[PDB]
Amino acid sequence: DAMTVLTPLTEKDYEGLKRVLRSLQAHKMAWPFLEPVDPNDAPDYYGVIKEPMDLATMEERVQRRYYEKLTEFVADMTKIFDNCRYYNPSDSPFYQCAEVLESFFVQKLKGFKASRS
């Protein structure tokens, strides 16, 4: 909505962002996304995926107050899942993790936006 696009993230907001990030990191199906993709696990991953992203990179950015608006936090998180569904076929375990964990992220994001008032 309006707040998501326009309102700068505060320290109070960042407590909520850390909580969302921690809940995804704790999720059983987040295991493929905790750390940057290992090129030795994924042939030509870094020649195919132009903007890699992972939850540890996101954790560093949250710690550093990298994000000015919620939209940018959402865009990084969306990269994790969109990258995975582009690189992997739809029957891959990685792809299935992206489906589950994105739906979880959307639930938690909705709770974050509601409590932002």
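Rigid core: the largest C-alpha set superposing within 1.5 Å between the two forms. So that there is no doubt, residue numbering starts at 1 and follows the sequence shown.
Core-fitted comparison in 7 other deposited structures of this protein, 60 to 68 vs 34 to 42, farther C-alphas: Comparing 60 to 68 with 34 to 42, the larger C-alpha deviation in 7 other deposited structures of this protein belongs to 34 to 42.
RMS Cα shift after core superposition in 7 other deposited structures of this protein, winner of 86 to 94 and 43 to 51: Result of the core-fitted comparison in 7 other deposited structures of this protein: 43 to 51 deviates more.
Between the two ranges 76 to 84 and 36 to 44, the one averaging a larger CA B factor in the entry: The stretch with the larger mean CA B-factor is 36 to 44.
Of 5 to 13 and 104 to 112, the one with larger mean CA B-factor: It is 5 to 13 that shows the higher mean C-alpha B-factor.
Chain-relative CA temperature factor third for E68: Top third by C-alpha B-factor.
Chain third (lowest, middle, highest) by recorded CA B-factor, residue given as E60: Its C-alpha B-factor, which the entry lists for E60, ranks in the middle third among residues of this chain.
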